[PDB]
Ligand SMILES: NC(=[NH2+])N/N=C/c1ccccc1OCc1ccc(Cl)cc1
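In the form deposited without the named molecule, a lone chain appears below as structure tokens.
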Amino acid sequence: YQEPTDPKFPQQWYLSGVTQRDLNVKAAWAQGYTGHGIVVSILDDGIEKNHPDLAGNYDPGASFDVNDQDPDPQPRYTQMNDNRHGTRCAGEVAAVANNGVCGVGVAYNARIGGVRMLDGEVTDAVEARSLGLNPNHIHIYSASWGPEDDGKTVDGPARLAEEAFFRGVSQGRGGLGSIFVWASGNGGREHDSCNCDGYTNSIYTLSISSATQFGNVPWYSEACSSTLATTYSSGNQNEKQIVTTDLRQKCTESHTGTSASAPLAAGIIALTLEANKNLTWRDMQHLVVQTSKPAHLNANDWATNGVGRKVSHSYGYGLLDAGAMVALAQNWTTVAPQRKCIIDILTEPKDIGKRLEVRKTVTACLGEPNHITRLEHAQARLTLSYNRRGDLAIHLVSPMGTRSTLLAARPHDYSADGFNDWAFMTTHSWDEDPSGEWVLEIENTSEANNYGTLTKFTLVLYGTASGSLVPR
């Protein structure tokens, strides 16, 4: 195997490293996997389809302009180069290799398109038409953005966009399901908590956070229990950043944020799908859970879950490992059909006050076709009133003792609107048996005499009843 000769490939430290602080992509390339036959689309501000490092892999069938309602996603050029981000992301996935230009994509033989959908008013219809673009041609969608990362917003897909997610995972990709890769957010300095973003908090999105070059949680990171895994991105000014294609046929060394991590993940997922094109959308999440690596990622919240995997709210299961992903994909046995066990928990509304604990022992639909002995995602769907939302912290403890933070305190969130059946999601109990006692904790983290009421708690378990591995 001959590694790429591109002039900036040595600067792509998160691929070309020899120090073990990389995504282990060369190992996948050397196994023969470069993304041939896979189609990725970047949902963003457009794609410079004539970029010298993108044209050779550009796919019009992976592209559309939902902002202007035409097929051509070319960015709008401005003095401030506002609409460059999709071009940066596209190159992370699929910049052409061995052509003397900039660097390479993770999946440098994949086909790459973009949906121009952020350069204009983003409505539910715009979102739905983007998520649902050509779902039997596009394999993988990469989205780096969501609701405002101001640390006070709670929002998620409205009806058309949620329908696009369910149509995508159900009928997309020949019934195997569209793979939606999402950035968990850039709201770290606003103390944002990313389960309040319904796109990354979705079970249908494969959500990705960031680590800095030296293995730390970047300033912009959001912690939450819905995150699955991590890729490298930017950090402080002594740490390197992401090197990729830029608007106006240029090359940047300063692409940054969690919004730069999701495209690298999308590229690794492209290599993995080349290794086994029959993987379902859930298979892909299982592969990420099993192969991702905590080592050398620094956080104070690493915890071992009930099947012996280390998990963090900053990093999920750790750093994506492309060589391991493609290796495990090749002989992967398709997971069983997804079961869903719905447990309405409360017999009466519960005053929150300073602190509320709700304990319930469940059988996880014992005796029914939705009996789950092997969890995937779990949700606590909560309806509650409170006078100052951001003073709340919420935790969910599984029968195996795994504490998931569903909501951390958000100091900027002054809302008095509470949560209206908000489906807080955790990945941290993946592969655990969910039978037994679950505990929901709601706490007022402030000294203020805050008040409100929990009126509904639905525990929603997804998963299967077969196929478990021996704990790690």
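In this text, residue numbers run from 1 along the sequence as written.
The same protein also exists as the form deposited with the named molecule bound; that form is not shown, yet it is the one meant from here on.
Participant: Evaluate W219 for contact with the named molecule in the bound PDB entry, applying a 4.5 angstroms cut-off between non-hydrogen atoms, and reply yes or no.
Facilitator: The answer is yes: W219 has a heavy atom within 4.5 Å of the named molecule.
Participant: Do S144 and the named molecule come within 4.5 Å of each other in the bound PDB entry, heavy atoms counted?
Facilitator: Output for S144 is yes: heavy atoms within 4.5 Å of the named molecule.
Participant: Evaluate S226 for contact with the named molecule in the bound PDB entry, applying a 4.5 angstroms cut-off between non-hydrogen atoms, and reply yes or no.
Facilitator: No, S226 stays farther than 4.5 Å from the named molecule in the bound PDB entry.
Participant: Is there any non-hydrogen atom of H377 lying within 4.5 Å of the named molecule in the bound PDB entry?
Facilitator: Output for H377 is no: heavy atoms all beyond 4.5 Å of the named molecule.
Participant: Go through 300-308, 359-367, 378-386, 146-154 and give me the stretch that gets within 4.5 Å of the named molecule in the bound PDB entry, heavy atoms only.
Facilitator: Heavy atoms within 4.5 Å of the named molecule in the bound PDB entry occur in 146-154.
Participant: Just one of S259, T230, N195, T245 has a heavy atom within 4.5 angstroms of the named molecule in the bound PDB entry, so which one?
Facilitator: Selected residue: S259.
Participant: Have a look at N186, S178, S292, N109 for me and say which one sits with a heavy atom within 4.5 Å of the named molecule in the bound PDB entry.
Facilitator: None of the other options qualify; the answer is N186.
Participant: Can you name the residues of 421-438 that have a non-hydrogen atom within 4.5 angstroms of the named molecule in the bound PDB entry?
Facilitator: Nothing in this stretch is in contact.
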